[PDB]
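This report concerns only the one structure given below.
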Ligand SMILES: *[C@@H]1O[C@H](CO)[C@@H](O[C@@H]2O[C@H](CO)[C@@H](O)[C@H](O)[C@H]2NC(C)=O)[C@H](O)[C@H]1NC(C)=O
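What follows is the structure, encoded as structure tokens:
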């Protein structure tokens with residue numbers, strides 16, 4: 121049951137260094153070629169490089185051959201990427217991928233690990249529950265919000281009720297404002313569900329070790 | 081270093097239609113072309129390899145063809161779930177480079193936005209900032225315009241909008257708008273309006289509230 125998980129992403133200063141890793145399972149890692157690619161905000165995919173099972177062949181896209189180093193340890197089922205002398209051109213989502221047998225084509229892709237190259241500082245999000253307008257009127261459904269404001273860098277993760285509320289959810293792309301990201305999410309449930317049952321949004325910001333929950337309840341006195 | 085030129089960049093098409101995407105390589109690359117789909121939120125999955133072969137599990141609707149410098153990718157009968165970005169790759173030689181991609185979106189019946197407005201959270205005003213949030217969910221087509229009105233006057237500073245990609249569940253779009261004021265700006269006025277204009281209606285959709293109620 122093939123799987124890949126990329127790690128090591130995060131914020132790094134311009135000029136600096138950072139080591140990504142990728143943990144593979146579900147296949148004989150020592151039998152397959154492996155590679156890396158990346159995707160910058162708003163742009164196409166880009167091939168970074170490849171490595172054969174024996175590490176005897178390693179190739180790079182020309183612009184990266186002297187910054188980036190690719191390596192692997194078959195004993196640990198792990199692929200590595202050493203990034204050095206980074207600039208903002210390197211801010212992107214980083215994917216590791218397996219090459220299919222007998223093809224130079226990427227068979228399976230990991231979820232990716234986000235890398236940000238920046239002089240700006242890590243900042244934890246503020247998280248705000250949004251309840252409907254005070255004068256509650258009966259409609260068939262009701263819509264709630266969760267606002268995640270002023271964090272850096274990407275990513276933040278947001279769920280409702282620890283993921284067991286998945287339908288009727290809309291989580292919007294974050295937007296940047298003077299070195300700080302803001303994000304929001306809406307969930308729509310039928311009115312016999314809320315407020316009779318509770319609805320909580322759960323936010324994680326790994327870069328700042330933030331794990332914060334907000335329970336959503338009608339506006340008014342307590 | 082070989083360039084892969086992919087056209088068109090964008091495709092809007094109806095369910096059932098056939099579409100064809102074209103990739104042109106700056107030099108001969110034999111038969112060594114692969115095609116990928118990248119659904120929203122998800123990592124690429126491989127569809128076609130060596131120009132014309134379907135990877136394991138890939139449905140019949142998907143086909144490819146081409147040799148030398150001209151390559152095509154075809155979906156015979158487009159389905160909503162096929163909403164994704166599609167891109168090519170040559171793997172003839174290193175660097176094994178990608179085409180720019182084609183975005184695929186699907187037609188459906190026109191749908192009016194469901195609109196909801198939100199006064200600043202109780203938990204926020206203490207920090208000295210105030211955010212009024214408006215959700216515009218599940219509409220089609222994708223072009224929509226939002227005006228913020230404060231006590232009758234349109235307000236344009238401090239507005240941030242964000243858009244979801246099209247949803248493959250119902251082929252719709254959603255949008256979020258946020259007005260950012262200092263707490264002081266917010267406390268000086270009483271009524272806040274969120275105003276949606278969309279071709280599905282001749283009058284804007286207005287959701288509104290009063291600061292004390
Ligand atoms: C990234 O990984 C590299 C390679 O594993 C690290 O550099 C090695 O560090 C050892 C110390 O255990 C040295 O003896 C080697 O000479 C280093 N090798 C190379 C090629 O430089 C490096 O420390 C890691 N960097 C970060 C930021 O974690």
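Protein chains in written order, with the numbering used here: chain A, 121 to 342; chain B, 81 to 293.
In this text, a Cβ means the ideal position worked out from N, Cα and C, and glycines have one as well.
Distance check between residue 144 (chain B) and each of B:130, B:284, B:136, B:157 places B:130 closest, using alpha-carbon atoms only. CA-to-CA, the gap between residue 301 (chain A) and residue 242 (chain B) works out to about 12 Å. Not a single CB atom of chain A sits nearer than 9 Å to the CB of residue 148 (chain B). Residue 293 (chain B) is positioned such that its CB atom lies no closer than 9 Å to that of residue 210 (chain B).
Taken atom to atom, the span from the alpha-carbon of residue 243 (chain A) to that of residue 270 (chain A) is near 7 Å. Residue 131 (chain A) has its Cβ no nearer than 8 Å to any heavy atom of ligand 1. Residue 111 (chain B) has a beta carbon lying at 9 Å or more from every beta carbon in chain A. At a cut-off of 9 Å between C-beta atoms, residue 107 (chain B) does not count as an interface residue with respect to chain A. Put simply, the CB of residue 138 (chain B) is far from chain A, with every gap to its CB atoms at 9 Å or more.
Residues of the same chain with their beta carbon placed closer than 8 Å to that of residue 283 (chain B) are lacking, with the five preceding and five following residues left out of the count.
For the set A:295, A:266, A:259, the Cα lying nearest the Cα of residue 274 (chain A) is the one of A:295. The beta carbon of residue 195 (chain B) lies closer than 6 Å to those of 216, 276, 285, 287 in the same chain, with the five residues before and after it left out.
Not a single CB atom of chain A sits nearer than 9 Å to the CB of residue 188 (chain B). Looking only at A:246, A:259, A:251, A:256, the smallest Cα-Cα distance to residue 333 (chain A) is reached by A:246.
In chain B, no part has a C-beta under 8 Å from the C-beta of residue 160 (chain A); the shortest such distance is about 12 Å.
A direct Cα-Cα distance of roughly 19 Å separates residue 288 (chain A) from residue 188 (chain B). Taken through DSSP and simplified to helix, strand or coil, residue 172 (chain B) comes out as coil.
Closest by C-alpha distance to residue 298 (chain A), out of B:248, B:238, B:219, B:245, is B:238.
Residue B:167 holds the alpha-carbon nearest to the alpha-carbon of residue 102 (chain B) among B:262, B:167, B:190, B:253. Considering only beta carbons, the part of the segment 253 to 268 of chain B lying closer than 9 Å to chain A consists of 254, 255, 256, 258, 260, in chain order.
Within chain B, the C-beta atoms nearer than 9 Å to that of residue 249 (chain A) come from 201, 202, 203, in chain order.
Cβ neighbours of residue 211 (chain A) within its own chain (closer than 6 Å, five residues either side excluded): 236, 237.
Not a single C-beta of chain A is nearer than 9 Å to the C-beta of residue 220 (chain B).
Against chain B, the beta carbon of residue 143 (chain A) has no neighbour under 9 Å; the closest one sits roughly 15 Å away.
In the DSSP assignment, residue 263 (chain B) falls outside any beta strand (DSSP E) and within the unbroken alpha helix (DSSP H) covering 263 to 268.
At the C-beta level, residue 176 (chain B) and residue 167 (chain A) come within 9 Å of one another.
Contact with chain A is absent for residue 236 (chain B), since none of that chain's Cβ atoms lies less than 9 Å from the residue's Cβ. Chain-order list of chain A residues neighbouring residue 129 (chain B): 220, 223, 225, by C-beta distance under 8 Å. Here the alpha carbon of residue 213 (chain A) sits roughly 6 Å from the alpha carbon of residue 160 (chain A).
At a threshold of 8 Å, residue 190 (chain A) does not count as near ligand 1, since its beta carbon sits no closer than that to any of the ligand's heavy atoms.
Rounded to whole angstroms, the separation of the alpha carbons of residue 104 (chain B) and residue 147 (chain B) is 10 Å. 294, 295, 297, 302, 303, 304, 305, 306, 308: these are the residues of the segment 294 to 321 of chain A whose beta carbon lies less than 9 Å from some beta carbon of chain B, given in chain order. Contact of residue 255 (chain A) with chain B by beta-carbon distance below 7 Å involves 293.
In the DSSP assignment, residue 166 (chain A) falls within the unbroken beta strand (DSSP E) covering 165 to 171.
The C-beta of residue 125 (chain B) comes closer than 9 Å to at least one C-beta of chain A. Not a single C-beta of chain B is nearer than 9 Å to the C-beta of residue 125 (chain A).
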